[PDB]
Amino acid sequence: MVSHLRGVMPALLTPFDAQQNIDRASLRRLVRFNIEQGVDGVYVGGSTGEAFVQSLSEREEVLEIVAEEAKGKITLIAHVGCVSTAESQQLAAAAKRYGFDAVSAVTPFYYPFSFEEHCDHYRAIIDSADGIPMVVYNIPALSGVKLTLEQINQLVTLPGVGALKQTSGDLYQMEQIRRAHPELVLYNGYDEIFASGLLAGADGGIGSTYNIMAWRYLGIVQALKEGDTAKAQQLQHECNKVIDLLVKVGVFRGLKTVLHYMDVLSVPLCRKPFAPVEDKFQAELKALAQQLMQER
């Protein structure tokens, strides 16, 4: 019923300009760039999208622009999650108006909420999504919400939930989820274990580093499907060499900087309090961009 949601989808970055306003022109180029990488969809306004340093009107603006460029070409998932249920509902209804294929919401964070409150939160957003499915988004490292398997089981069986974005390194739990829900769309969230996450039960992934090297992750899926165990390991080895660097420099700004050297983004800035990239990393980030372009 929602198998059209399976696949490999970049967590879209939100380009900003030299004054940290939204860079609309570069955003549109970034969407077309990802489309031309062969991805199955894009995930807009997520953690990687710097959602939580943007206003609601800014996030809606980004959602509508992406729909203009991508609707009917690749799958469109709108991350609508806020701490506030009402704010999340507003973005869900906007995503519906704009033609998105699905919505998604991080577990509301900062304040402790009971599990029933989390459930009611998802139900309300599903209501406002007005018929497009919900992608539950579990990211314990950032949210501080550590859901049990049984809690995950209750969320992904809520009426309206069509998928789970599982940004967790616990691949025992990944397998348990697959075994309990053989048909669930299950995205691996940590790029650095993509190959192992697929083997454990994920049938796709949503990741930030897909914005600069989606073909590698698409290649890992293909290798595992074909039985080329060694090819999958070698691709993941190269992916993690890049992730090691991005972690050193700062992930979001490192990816924006690589995309700038690939002539995709005019300005590679993140919003404060993210600092700019340190000058001493620029040489290696440019070399990475050139390597990746030649790799294609």
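Just count from 1 along the sequence shown to find any residue number. Whichever C-alpha set is largest while still superposing within 1.5 Å between the two forms counts as the rigid core.
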Between 139-147 and 182-190, the one drifting more in C-alpha RMS in 5 other deposited structures of this protein once the core is aligned is 139-147
Averaging the C-alpha temperature factors as deposited, the higher value of 156-164 versus 187-195 falls on 156-164
Going by the entry, of stretches 89-97 and 105-113 the one with greater average Cα B-factor is 89-97
Reading the B-factor column for Cα atoms of 84, 209, 173, 151, the highest value belongs to 151
Top Cα B-factor in this entry, restricted to 258, 267, 243, 232, sits on 232
Chain-relative C-alpha B factor for residue 73 (record values, thirds): the highest
Tertile call for residue 146 (CA temperature factor, within chain, third-based) is the highest
For residue 285, the third of its chain by CA B-factor is the middle
Chain thirds by Cα B factor, record data; residue 263 belongs to the lowest
Temperature factor at the Cα of residue 178, chain-ranked in thirds, falls in the lowest
